[PDB]
$ cat query_4.txt   # compact mmCIF, C-alpha atoms
# COMPACT_ATOMS: atom_id res chain seq x y z
CA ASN U 343 117.76 84.91 98.91
CA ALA U 344 119.44 84.74 102.38
CA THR U 345 119.90 81.19 103.84
CA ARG U 346 117.33 81.55 106.69
CA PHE U 347 114.54 83.99 107.68
CA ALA U 348 113.42 85.20 111.13
CA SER U 349 110.33 84.34 113.16
CA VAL U 350 107.84 87.27 113.03
CA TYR U 351 108.41 87.88 116.79
CA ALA U 352 111.98 88.96 115.76
CA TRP U 353 111.73 90.25 112.15
CA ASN U 354 115.09 91.31 110.66
CA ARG U 355 115.58 94.84 109.26
CA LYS U 356 118.22 95.49 106.59
CA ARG U 357 119.00 99.05 105.61
CA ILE U 358 119.67 99.51 101.89
CA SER U 359 121.59 102.61 100.76
CA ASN U 360 123.99 104.43 98.39
CA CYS U 361 123.26 101.99 95.52
CA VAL U 362 121.17 101.56 92.31
CA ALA U 363 117.96 99.56 92.76
CA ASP U 364 116.62 98.00 89.59
CA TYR U 365 113.09 96.82 90.61
CA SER U 366 112.28 95.18 87.21
CA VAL U 367 114.24 92.09 88.28
CA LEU U 368 111.95 91.88 91.35
CA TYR U 369 108.51 92.76 89.91
CA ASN U 370 108.86 90.98 86.54
CA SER U 371 109.84 87.70 88.31
CA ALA U 372 106.89 85.33 88.87
CA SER U 373 108.84 83.81 91.86
CA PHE U 374 106.95 86.11 94.29
CA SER U 375 103.36 85.02 95.16
CA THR U 376 102.50 88.66 96.05
CA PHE U 377 103.96 92.10 95.25
CA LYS U 378 101.56 94.74 96.63
CA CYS U 379 102.49 98.42 96.84
CA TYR U 380 100.73 101.20 98.75
CA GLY U 381 102.09 104.80 98.43
CA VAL U 382 103.53 103.87 94.95
CA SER U 383 102.63 101.49 92.05
CA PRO U 384 104.94 98.60 91.05
CA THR U 385 105.70 99.71 87.46
CA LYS U 386 106.72 103.20 88.70
CA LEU U 387 109.53 102.12 91.10
CA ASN U 388 112.25 102.61 88.43
CA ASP U 389 111.05 106.25 87.89
CA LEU U 390 111.92 107.23 91.51
CA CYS U 391 114.66 107.82 94.06
CA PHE U 392 114.45 107.03 97.77
CA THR U 393 116.00 108.88 100.73
CA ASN U 394 116.24 105.61 102.65
CA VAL U 395 115.32 102.01 101.81
CA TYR U 396 113.93 99.50 104.33
CA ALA U 397 113.61 95.73 103.90
CA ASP U 398 111.92 94.21 106.97
CA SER U 399 112.07 90.40 106.59
CA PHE U 400 110.32 87.47 108.33
CA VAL U 401 108.18 84.28 107.90
CA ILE U 402 104.39 83.78 108.46
CA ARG U 403 101.52 81.43 107.41
CA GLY U 404 99.96 81.88 103.97
CA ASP U 405 96.57 82.46 105.77
CA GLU U 406 97.62 85.64 107.74
CA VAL U 407 99.42 87.70 104.99
CA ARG U 408 96.15 89.67 104.75
CA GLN U 409 96.96 91.25 108.16
CA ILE U 410 100.30 92.69 106.80
CA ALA U 411 98.23 95.32 104.90
CA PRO U 412 98.65 98.67 106.77
CA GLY U 413 96.12 99.97 109.35
CA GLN U 414 94.45 96.49 109.74
CA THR U 415 93.93 94.68 113.10
CA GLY U 416 94.20 91.03 114.21
CA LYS U 417 96.98 89.16 116.13
CA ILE U 418 99.81 89.90 113.65
CA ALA U 419 98.77 93.51 113.01
CA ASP U 420 98.10 94.12 116.76
CA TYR U 421 100.94 92.32 118.57
CA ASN U 422 103.87 91.37 116.31
CA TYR U 423 104.23 93.60 113.17
CA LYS U 424 102.68 97.10 112.78
CA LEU U 425 102.84 99.21 109.63
CA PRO U 426 102.21 102.99 109.93
CA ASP U 427 98.93 104.06 108.27
CA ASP U 428 100.70 106.20 105.60
CA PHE U 429 102.93 103.19 104.67
CA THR U 430 104.88 104.01 101.49
CA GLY U 431 106.55 100.88 100.29
CA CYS U 432 105.63 97.42 98.91
CA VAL U 433 104.97 93.99 100.51
CA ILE U 434 106.50 90.85 98.96
CA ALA U 435 105.63 87.22 99.82
CA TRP U 436 106.39 83.68 98.43
CA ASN U 437 105.59 80.07 99.47
CA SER U 438 108.46 78.35 101.34
CA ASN U 439 107.00 74.90 102.22
CA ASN U 440 109.89 73.23 100.28
CA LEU U 441 112.58 75.18 102.28
CA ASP U 442 110.98 76.06 105.65
CA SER U 443 108.08 73.63 106.45
CA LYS U 444 108.93 70.27 108.18
CA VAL U 445 107.13 66.90 108.69
CA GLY U 446 107.65 67.13 112.50
CA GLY U 447 105.87 70.54 112.61
CA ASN U 448 108.59 73.22 112.27
CA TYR U 449 108.60 74.69 115.81
CA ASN U 450 111.67 76.84 114.95
CA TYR U 451 108.99 79.49 114.12
CA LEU U 452 107.13 81.50 116.79
CA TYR U 453 104.92 84.61 117.06
CA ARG U 454 103.81 86.83 119.95
CA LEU U 455 100.46 85.48 121.15
CA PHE U 456 100.14 88.08 123.96
CA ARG U 457 101.46 91.50 124.89
CA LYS U 458 100.71 94.43 127.31
CA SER U 459 99.41 96.81 124.57
CA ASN U 460 99.25 97.34 120.77
CA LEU U 461 102.88 98.04 119.66
CA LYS U 462 103.98 101.24 117.83
CA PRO U 463 104.63 101.20 114.03
CA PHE U 464 107.88 99.29 113.43
CA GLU U 465 108.34 98.46 117.16
CA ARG U 466 110.02 95.01 117.65
CA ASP U 467 109.83 92.98 120.90
CA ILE U 468 111.76 89.82 121.93
CA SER U 469 110.47 89.72 125.58
CA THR U 470 109.72 86.23 127.02
CA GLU U 471 108.38 87.63 130.35
CA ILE U 472 105.13 85.86 131.33
CA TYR U 473 101.80 87.45 130.34
CA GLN U 474 99.18 87.85 133.13
CA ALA U 475 96.06 87.12 131.02
CA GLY U 476 93.60 86.85 133.97
CA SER U 477 93.44 89.49 136.78
CA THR U 478 95.89 87.59 139.12
CA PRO U 479 99.47 88.67 139.87
CA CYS U 480 101.91 85.99 138.67
CA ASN U 481 105.62 85.31 139.35
CA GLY U 482 108.41 83.04 138.07
CA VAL U 483 107.73 81.19 134.79
CA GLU U 484 104.18 79.73 135.08
CA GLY U 485 100.63 79.72 136.51
CA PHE U 486 96.92 79.38 135.63
CA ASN U 487 96.19 82.05 132.94
CA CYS U 488 99.94 83.02 133.11
CA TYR U 489 101.13 82.54 129.50
CA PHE U 490 104.57 82.25 127.92
CA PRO U 491 104.03 85.08 125.42
CA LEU U 492 105.27 83.29 122.24
CA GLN U 493 103.24 80.54 120.50
CA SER U 494 104.43 78.35 117.57
CA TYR U 495 103.20 77.67 114.06
CA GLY U 496 102.55 74.06 113.12
CA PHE U 497 104.29 73.85 109.70
CA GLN U 498 104.22 70.44 107.95
CA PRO U 499 104.43 69.89 104.14
CA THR U 500 101.33 67.62 104.47
CA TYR U 501 99.42 70.69 105.68
CA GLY U 502 97.64 72.65 102.90
CA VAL U 503 98.38 76.05 101.33
CA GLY U 504 97.29 78.71 103.87
CA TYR U 505 98.77 76.43 106.54
CA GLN U 506 102.14 76.47 104.66
CA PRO U 507 105.01 78.89 105.54
CA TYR U 508 105.80 81.94 103.41
CA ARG U 509 108.93 84.13 103.42
CA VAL U 510 107.91 87.82 103.50
CA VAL U 511 109.73 91.09 102.85
CA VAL U 512 108.42 94.64 103.31
CA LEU U 513 110.28 97.31 101.34
CA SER U 514 109.67 100.54 103.29
CA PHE U 515 111.01 103.83 101.90
CA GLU U 516 110.77 107.66 102.06
CA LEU U 517 110.66 110.19 99.19
CA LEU U 518 111.57 113.83 98.32
CA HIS U 519 112.07 115.28 101.89
CA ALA U 520 115.82 114.49 102.19
CA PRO U 521 118.84 113.45 99.98
CA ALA U 522 118.30 110.55 97.62
CA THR U 523 120.54 107.52 98.26
CA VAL U 524 118.77 104.75 96.28
CA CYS U 525 117.68 105.40 92.66
CA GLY U 526 116.27 103.56 89.64
CA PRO U 527 118.28 102.16 86.69
CA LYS U 528 117.35 105.27 84.57
CA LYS U 529 120.26 107.16 82.92
CA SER U 530 121.08 110.88 83.20
CA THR U 531 121.33 113.43 80.34
CA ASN U 532 123.49 116.50 79.54
CA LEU U 533 121.90 119.44 81.41
CA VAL U 534 120.83 122.21 78.94
CA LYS U 535 120.20 125.79 80.24
CA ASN R 343 78.01 73.67 138.38
CA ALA R 344 75.61 70.95 137.07
CA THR R 345 75.14 67.56 138.80
CA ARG R 346 75.42 65.57 135.57
CA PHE R 347 77.26 66.34 132.32
CA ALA R 348 76.46 64.52 129.08
CA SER R 349 78.99 62.18 127.37
CA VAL R 350 80.57 63.07 124.02
CA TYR R 351 78.75 60.21 122.14
CA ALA R 352 75.66 62.45 122.56
CA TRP R 353 77.02 65.87 123.68
CA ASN R 354 74.39 68.28 125.12
CA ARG R 355 73.55 71.78 123.77
CA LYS R 356 71.79 74.68 125.57
CA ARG R 357 70.88 77.99 124.00
CA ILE R 358 71.84 81.14 125.91
CA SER R 359 69.93 84.37 125.04
CA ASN R 360 68.23 87.58 126.34
CA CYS R 361 70.93 87.91 129.00
CA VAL R 362 74.41 89.00 130.22
CA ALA R 363 77.49 86.76 129.68
CA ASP R 364 79.57 88.07 132.64
CA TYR R 365 82.84 86.17 132.02
CA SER R 366 84.73 87.81 134.94
CA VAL R 367 83.43 84.98 137.21
CA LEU R 368 84.19 82.43 134.45
CA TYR R 369 87.62 83.36 133.10
CA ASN R 370 89.38 84.44 136.32
CA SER R 371 88.24 81.23 138.13
CA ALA R 372 91.24 78.89 138.71
CA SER R 373 88.80 75.90 138.87
CA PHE R 374 89.45 75.23 135.14
CA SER R 375 92.48 73.52 133.51
CA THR R 376 92.48 74.79 129.87
CA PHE R 377 90.73 77.58 127.97
CA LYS R 378 91.08 78.24 124.19
CA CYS R 379 89.13 80.60 121.92
CA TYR R 380 89.81 80.56 118.16
CA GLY R 381 87.90 83.56 116.71
CA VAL R 382 88.73 86.16 119.39
CA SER R 383 91.08 87.27 122.20
CA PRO R 384 89.60 86.59 125.70
CA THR R 385 89.53 90.10 127.28
CA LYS R 386 87.16 91.65 124.67
CA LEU R 387 84.41 88.96 124.60
CA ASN R 388 83.05 91.08 127.52
CA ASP R 389 82.52 93.81 124.85
CA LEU R 390 81.81 91.98 121.55
CA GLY C 971 93.39 113.31 101.96
CA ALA C 972 95.57 112.51 98.91
CA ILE C 973 99.13 111.12 99.37
CA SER C 974 100.70 114.50 98.42
CA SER C 975 99.85 118.05 97.27
CA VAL C 976 102.41 118.00 94.42
CA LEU C 977 100.52 116.97 91.27
CA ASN C 978 103.68 115.78 89.41
CA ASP C 979 104.72 113.71 92.50
CA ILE C 980 101.35 111.83 92.40
CA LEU C 981 101.80 111.28 88.63
CA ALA C 982 105.38 110.02 89.13
CA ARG C 983 104.58 107.59 91.96
CA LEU C 984 101.35 105.98 90.67
CA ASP C 985 99.72 104.44 87.56
CA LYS C 986 96.78 105.77 85.44
CA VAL C 987 93.99 104.75 87.94
CA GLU C 988 95.76 105.03 91.31
CA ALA C 989 96.95 108.54 90.32
CA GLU C 990 93.40 109.37 89.08
CA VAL C 991 91.64 108.64 92.43
CA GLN C 992 94.29 110.72 94.25
CA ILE C 993 94.20 113.64 91.74
CA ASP C 994 90.38 113.83 92.07
CA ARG C 995 90.92 114.79 95.66
CA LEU C 996 93.18 117.65 94.75
CA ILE C 997 90.66 118.67 92.03
CA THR C 998 87.82 118.60 94.61
CA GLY C 999 89.67 120.60 97.25
CA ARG C 1000 91.26 123.05 94.83
CA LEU C 1001 87.93 123.68 93.12
CA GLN C 1002 86.32 124.32 96.51
CA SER C 1003 89.19 126.61 97.63
CA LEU C 1004 89.03 128.68 94.42
CA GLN C 1005 85.18 128.87 94.74
CA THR C 1006 85.65 130.19 98.30
CA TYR C 1007 88.08 132.84 97.03
CA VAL C 1008 85.70 133.91 94.21
CA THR C 1009 82.86 134.16 96.79
CA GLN C 1010 84.97 136.39 99.12
CA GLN C 1011 86.10 138.43 96.07
CA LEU C 1012 82.58 139.05 94.69
CA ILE C 1013 81.44 140.14 98.18
CA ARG C 1014 84.51 142.47 98.58
CA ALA C 1015 83.94 143.82 95.04
CA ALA C 1016 80.38 144.77 96.14
CA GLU C 1017 81.85 146.70 99.14
CA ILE C 1018 84.45 148.51 96.97
CA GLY G 971 75.76 109.64 103.13
CA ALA G 972 78.05 108.31 105.90
CA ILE G 973 76.90 105.31 108.03
CA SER G 974 76.03 107.67 110.94
CA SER G 975 75.92 111.37 111.97
CA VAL G 976 77.46 110.63 115.41
CA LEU G 977 81.25 110.82 115.25
CA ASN G 978 81.90 108.49 118.23
CA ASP G 979 79.45 105.87 116.83
CA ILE G 980 81.42 105.74 113.57
CA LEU G 981 84.64 105.23 115.57
CA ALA G 982 82.94 102.57 117.79
CA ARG G 983 81.96 100.34 114.82
CA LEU G 984 84.52 100.52 111.98
CA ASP G 985 88.33 100.05 111.99
CA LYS G 986 90.58 103.03 111.29
CA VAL G 987 91.36 102.56 107.54
CA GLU G 988 87.60 102.94 106.73
CA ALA G 989 86.33 104.83 109.82
CA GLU G 990 88.53 107.62 108.34
CA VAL G 991 86.46 107.48 105.09
CA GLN G 992 83.20 107.97 107.02
CA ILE G 993 84.75 110.74 109.15
CA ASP G 994 85.98 112.41 105.90
CA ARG G 995 82.37 112.51 104.68
CA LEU G 996 81.16 114.18 107.89
CA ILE G 997 84.15 116.60 107.70
CA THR G 998 83.23 117.45 104.07
CA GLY G 999 79.49 117.88 104.77
CA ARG G 1000 79.99 119.91 107.97
CA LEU G 1001 82.67 122.09 106.35
CA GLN G 1002 80.19 122.68 103.46
CA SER G 1003 77.56 123.57 106.14
CA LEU G 1004 79.83 126.19 107.79
CA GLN G 1005 80.70 127.66 104.38
CA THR G 1006 76.97 128.00 103.58
CA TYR G 1007 76.36 129.76 106.90
CA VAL G 1008 79.37 132.13 106.57
CA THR G 1009 78.40 133.01 102.96
CA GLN G 1010 74.83 133.75 104.18
CA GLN G 1011 76.26 135.84 107.06
CA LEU G 1012 78.59 137.84 104.72
CA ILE G 1013 75.77 138.59 102.23
CA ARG G 1014 73.44 139.57 105.07
CA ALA G 1015 76.14 141.65 106.78
CA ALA G 1016 76.49 143.61 103.49
CA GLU G 1017 72.75 144.32 103.64
CA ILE G 1018 72.95 145.46 107.28

$ encode --input "query_4.txt" --output "structure tokens"
Amino acid sequence: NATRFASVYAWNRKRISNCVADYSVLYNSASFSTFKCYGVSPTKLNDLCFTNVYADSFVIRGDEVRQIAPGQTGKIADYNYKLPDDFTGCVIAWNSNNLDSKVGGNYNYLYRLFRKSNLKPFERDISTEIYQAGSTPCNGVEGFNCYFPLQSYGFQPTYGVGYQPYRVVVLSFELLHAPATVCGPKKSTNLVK
Amino acid sequence: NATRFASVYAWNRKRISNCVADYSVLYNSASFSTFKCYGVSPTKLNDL
Amino acid sequence: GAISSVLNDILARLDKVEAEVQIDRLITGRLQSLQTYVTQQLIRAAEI
Amino acid sequence: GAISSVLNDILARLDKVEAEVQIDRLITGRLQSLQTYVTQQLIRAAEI
């Protein structure tokens, strides 16, 4: 529920720790258009503890959320946000046309159109340095086939769903190899021997 | 490198087949102004 | 090729059908590992 | 029952999240083929 969300070229990571995480208040809300888990199932989150908790957060079009699924390929999955293949965690998304689309075309939001190579899982990359798409060397800020490596979404509320902007969160976490620090709302009991 | 292009009121089509689409001569050539592909990234059309 | 080798960890982290597909892997492998042991054992019993 | 018997031709056609499922078939079938050979060799070796 933060005021503003990042462009997917600069997705914001919040580390969650030393606290009780009730997930019922997330999963039981209809206010999320998607809640898809991988290495766990959504109803089971309250039956677990987590050794760290990760909440990567950004915006993207409704018609590219499919690429956020782990081990896929395509511009988002290849150049701007990579999940590791064993991803244990859940992906959350909701429409944001009424908070984050604009009739001018909301050019506040960018993504990495080009890059040197496929980025590592959870690598993040702000670099504006010009991409040399054809086999020429290229200097300064411009040239034929020399691309500024970010491109912008057109977001207008008159554009349809799939064109519209979504806020997205990925809850990434790790289990049973380390000390717990986040746990479910479940209550303890007097330890018999 | 044709002598006469069509006009968009009746745009031409030609079918290309049985052959090699060697885009190195195409894509690297600074004779063009703008190039945009929507299904696929340019470098790997040489492979796909 | 399951998420884990701990059977109670798979049953904690997943529901009735997502746990089932993952447990069937452990059943397959474990069954094959115990069959390999019983094959080595019957052959060693014939030597002894 | 995989799409191919050539390991590099699986990897050159499918993306990793399902190329792994084909490779797992070939791993299972080839591991079953070594186990059949080694069982045959052990039983024969007891005869010899």

$ residues_around --input "query_4.txt" --residues "residue 1006 in chain C" --least-positions-apart "6" --cutoff "12 Å" --atoms "only C-alpha atoms" --output "list in words"
residues 999, 1000, 1012 and 1013 of chain C; 1001, 1002, 1004, 1005, 1006, 1008 and 1009 of chain G

$ residues_around --input "query_4.txt" --residues "range 375-385 of chain R" --least-positions-apart "3" --cutoff "9 Å" --atoms "only C-alpha atoms" --output "number ranges by chain"
U: 416-417, 475-476, 486-487; R: 369, 372, 388-389

$ write_last_selection --input "query_4.txt" --atoms "C-alpha atoms" --output "mmCIF file, keeping the file's coordinate frame"
data_model
loop_
_atom_site.group_PDB
_atom_site.id
_atom_site.type_symbol
_atom_site.label_atom_id
_atom_site.label_comp_id
_atom_site.auth_asym_id
_atom_site.auth_seq_id
_atom_site.Cartn_x
_atom_site.Cartn_y
_atom_site.Cartn_z
ATOM 1 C CA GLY U 416 94.200 91.030 114.210
ATOM 2 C CA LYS U 417 96.980 89.160 116.130
ATOM 3 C CA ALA U 475 96.060 87.120 131.020
ATOM 4 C CA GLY U 476 93.600 86.850 133.970
ATOM 5 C CA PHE U 486 96.920 79.380 135.630
ATOM 6 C CA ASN U 487 96.190 82.050 132.940
ATOM 7 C CA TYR R 369 87.620 83.360 133.100
ATOM 8 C CA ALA R 372 91.240 78.890 138.710
ATOM 9 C CA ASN R 388 83.050 91.080 127.520
ATOM 10 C CA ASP R 389 82.520 93.810 124.850
#

$ interface_residues --input "query_4.txt" --of "chain U" --to "chain C" --cutoff "6 Å" --atoms "only C-alpha atoms" --output "PDB file with C-alpha atoms, in the coordinates of the input"
ATOM      1  CA  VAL U 382     103.530 103.870  94.950  1.00  0.00           C
ATOM      2  CA  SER U 383     102.630 101.490  92.050  1.00  0.00           C
ATOM      3  CA  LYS U 386     106.720 103.200  88.700  1.00  0.00           C
TER       4      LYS U 386
END

$ atom_distance --input "query_4.txt" --atom1 "CA of residue 377 in chain U" --atom2 "CA of residue 512 in chain U"
9.6 Å

$ calpha_fit_and_write --input "query_4.txt" --fixed "chain G" --moving "chain C" --output "compact mmCIF listing (two decimals) with C-alpha atoms, in the coordinates of the input"
# COMPACT_ATOMS: atom_id res chain seq x y z
CA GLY C 971 76.26 109.16 102.73
CA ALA C 972 78.19 107.97 105.83
CA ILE C 973 76.75 105.20 108.08
CA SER C 974 75.81 107.74 110.81
CA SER C 975 76.00 111.45 111.73
CA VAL C 976 77.36 110.75 115.24
CA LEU C 977 81.16 111.04 115.02
CA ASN C 978 81.79 108.93 118.19
CA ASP C 979 79.40 106.21 116.86
CA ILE C 980 81.51 105.90 113.64
CA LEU C 981 84.69 105.75 115.77
CA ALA C 982 83.17 103.08 118.05
CA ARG C 983 81.89 100.82 115.26
CA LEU C 984 84.86 100.87 112.83
CA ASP C 985 88.67 100.58 112.66
CA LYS C 986 91.28 103.28 111.74
CA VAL C 987 90.66 103.15 107.91
CA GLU C 988 86.97 102.21 107.70
CA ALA C 989 86.18 105.03 110.19
CA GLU C 990 88.45 107.40 108.18
CA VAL C 991 86.59 106.99 104.84
CA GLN C 992 83.26 107.53 106.65
CA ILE C 993 84.49 110.55 108.70
CA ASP C 994 85.75 112.24 105.49
CA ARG C 995 82.17 112.38 104.37
CA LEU C 996 81.07 114.16 107.49
CA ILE C 997 84.11 116.49 107.13
CA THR C 998 83.14 117.23 103.50
CA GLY C 999 79.48 117.91 104.22
CA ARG C 1000 80.07 119.81 107.45
CA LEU C 1001 82.72 121.98 105.81
CA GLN C 1002 80.31 122.74 102.96
CA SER C 1003 77.42 123.47 105.37
CA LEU C 1004 79.55 125.85 107.48
CA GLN C 1005 80.83 127.55 104.25
CA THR C 1006 77.19 128.06 103.19
CA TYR C 1007 76.39 129.63 106.57
CA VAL C 1008 79.44 131.96 106.39
CA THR C 1009 78.37 132.99 102.85
CA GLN C 1010 74.78 133.81 104.01
CA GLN C 1011 76.24 135.62 107.07
CA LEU C 1012 78.69 137.81 105.10
CA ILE C 1013 75.86 138.77 102.71
CA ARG C 1014 73.48 139.56 105.66
CA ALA C 1015 76.29 141.50 107.40
CA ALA C 1016 76.55 143.66 104.23
CA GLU C 1017 72.76 144.38 104.44
CA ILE C 1018 72.93 145.26 108.18

$ residues_around --input "query_4.txt" --residues "residue 359 in chain U" --least-positions-apart "5" --cutoff "10 Å" --atoms "all atoms listed in the file" --output "count of residues only"
9

$ residues_around --input "query_4.txt" --residues "residue 421 in chain U" --least-positions-apart "6" --cutoff "7 Å" --atoms "all atoms listed in the file" --output "tab-separated table (two decimals) with C-alpha atoms, keeping the file's coordinate frame"
chain	number	residue	atom	x	y	z
U	454	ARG	CA	103.81	86.83	119.95
U	456	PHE	CA	100.14	88.08	123.96
U	457	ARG	CA	101.46	91.50	124.89
U	460	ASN	CA	99.25	97.34	120.77
U	461	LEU	CA	102.88	98.04	119.66

$ atom_distance --input "query_4.txt" --atom1 "CA of residue 378 in chain U" --atom2 "CA of residue 433 in chain U"
5.2 Å

$ residues_around --input "query_4.txt" --residues "residue 397 in chain U" --least-positions-apart "5" --cutoff "7 Å" --atoms "all atoms listed in the file" --output "ChimeraX atom specification"
/U:355-357,511-514

$ build_atoms --input "query_4.txt" --residues "range 989-1003 of chain G" --atoms "N, CA and C atoms" --output "PDB file, in the coordinates of the input"
ATOM      1  N   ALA G 989      86.916 103.813 108.954  1.00  0.00           N
ATOM      2  CA  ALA G 989      86.330 104.830 109.820  1.00  0.00           C
ATOM      3  C   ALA G 989      86.807 106.227 109.407  1.00  0.00           C
ATOM      4  N   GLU G 990      88.063 106.388 108.977  1.00  0.00           N
ATOM      5  CA  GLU G 990      88.530 107.620 108.340  1.00  0.00           C
ATOM      6  C   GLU G 990      87.705 108.043 107.124  1.00  0.00           C
ATOM      7  N   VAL G 991      87.218 107.124 106.293  1.00  0.00           N
ATOM      8  CA  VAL G 991      86.460 107.480 105.090  1.00  0.00           C
ATOM      9  C   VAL G 991      85.061 107.986 105.437  1.00  0.00           C
ATOM     10  N   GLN G 992      84.449 107.438 106.484  1.00  0.00           N
ATOM     11  CA  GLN G 992      83.200 107.970 107.020  1.00  0.00           C
ATOM     12  C   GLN G 992      83.401 109.330 107.670  1.00  0.00           C
ATOM     13  N   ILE G 993      84.439 109.475 108.492  1.00  0.00           N
ATOM     14  CA  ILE G 993      84.750 110.740 109.150  1.00  0.00           C
ATOM     15  C   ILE G 993      85.051 111.806 108.091  1.00  0.00           C
ATOM     16  N   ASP G 994      85.703 111.467 106.980  1.00  0.00           N
ATOM     17  CA  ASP G 994      85.980 112.410 105.900  1.00  0.00           C
ATOM     18  C   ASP G 994      84.704 112.936 105.216  1.00  0.00           C
ATOM     19  N   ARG G 995      83.658 112.114 105.227  1.00  0.00           N
ATOM     20  CA  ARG G 995      82.370 112.510 104.680  1.00  0.00           C
ATOM     21  C   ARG G 995      81.780 113.565 105.621  1.00  0.00           C
ATOM     22  N   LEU G 996      81.670 113.231 106.907  1.00  0.00           N
ATOM     23  CA  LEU G 996      81.160 114.180 107.890  1.00  0.00           C
ATOM     24  C   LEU G 996      81.985 115.465 107.913  1.00  0.00           C
ATOM     25  N   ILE G 997      83.312 115.407 107.818  1.00  0.00           N
ATOM     26  CA  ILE G 997      84.150 116.600 107.700  1.00  0.00           C
ATOM     27  C   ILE G 997      83.754 117.395 106.462  1.00  0.00           C
ATOM     28  N   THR G 998      83.577 116.749 105.313  1.00  0.00           N
ATOM     29  CA  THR G 998      83.230 117.450 104.070  1.00  0.00           C
ATOM     30  C   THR G 998      81.858 118.097 104.159  1.00  0.00           C
ATOM     31  N   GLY G 999      80.858 117.382 104.676  1.00  0.00           N
ATOM     32  CA  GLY G 999      79.490 117.880 104.770  1.00  0.00           C
ATOM     33  C   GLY G 999      79.311 118.977 105.809  1.00  0.00           C
ATOM     34  N   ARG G1000      79.999 118.874 106.941  1.00  0.00           N
ATOM     35  CA  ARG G1000      79.990 119.910 107.970  1.00  0.00           C
ATOM     36  C   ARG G1000      80.797 121.124 107.554  1.00  0.00           C
ATOM     37  N   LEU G1001      81.917 120.956 106.869  1.00  0.00           N
ATOM     38  CA  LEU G1001      82.670 122.090 106.350  1.00  0.00           C
ATOM     39  C   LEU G1001      81.858 122.835 105.274  1.00  0.00           C
ATOM     40  N   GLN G1002      81.142 122.109 104.413  1.00  0.00           N
ATOM     41  CA  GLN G1002      80.190 122.680 103.460  1.00  0.00           C
ATOM     42  C   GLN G1002      79.034 123.410 104.162  1.00  0.00           C
ATOM     43  N   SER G1003      78.620 122.938 105.338  1.00  0.00           N
ATOM     44  CA  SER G1003      77.560 123.570 106.140  1.00  0.00           C
ATOM     45  C   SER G1003      78.026 124.848 106.828  1.00  0.00           C
TER      46      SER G1003
END
